[PDB]
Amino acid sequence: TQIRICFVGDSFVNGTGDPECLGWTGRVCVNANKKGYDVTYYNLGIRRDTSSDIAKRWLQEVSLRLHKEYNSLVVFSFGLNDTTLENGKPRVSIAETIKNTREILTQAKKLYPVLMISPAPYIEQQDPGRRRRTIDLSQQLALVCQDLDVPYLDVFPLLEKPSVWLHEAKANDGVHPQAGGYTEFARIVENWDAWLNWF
């Protein structure tokens, strides 16, 4: 089969940090290809994207890739950057994050089969509050996803130490892991029933 997949999200969807230039998204597509699927891989991750940034752009971008392509899938992963602190406040408030996510997922599912994947871990010396804010936000994402019958993958627990994810990020730029980290992410997705449902 010939599925077209759009991956929409932030740096972690882009695979920022991976010298192999695949991210997790490229790797799960390579693996679907080995299983005899014939995947068209559309990565639409953008560095620094919040839910607000995604809400503004996703439809006009995704629609051009999936126009009259009746075998298609859209995978969203965002939220990390919403909670980044600027001038002591989140880039996007939690109310806005929820609003944004509902709006994005509600419209998306009317057009395409949709999946959502949680924020992945990020440790930041100056912001010891980030982990807690991220987990609280993730639970809000899961509630939205539950209301909308959108499968939600929580990758956070399985990418925390002892995973290489946070170690590779710390050695790199503090934020983005490399090939080993993205490989671990891809394997979580490859084991997700909602993903396996397609492949």
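One rule holds for the numbers: they count along the sequence shown, beginning at 1.
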| When the C-alpha temperature factors are averaged for each of 147-155 and 127-135, which stretch ends up with the higher value in the entry? | 127-135
| task | Just say lowest, middle or highest third for the CA B-factor of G174 relative to the other modelled residues in its chain. | result | middle
| field | Chain-relative CA temperature factor third for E190 | value | highest
| request: Relative to the other modelled residues of the same chain, rank the CA B-factor of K161 and answer lowest, middle or highest third. | output: highest
| said: Ranking the modelled residues of this chain by C-alpha B-factor as given in the entry, is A32 in the lowest, middle or highest third? | reply: middle
| query | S51: which third of its chain by C-alpha temperature factor? | reply | lowest
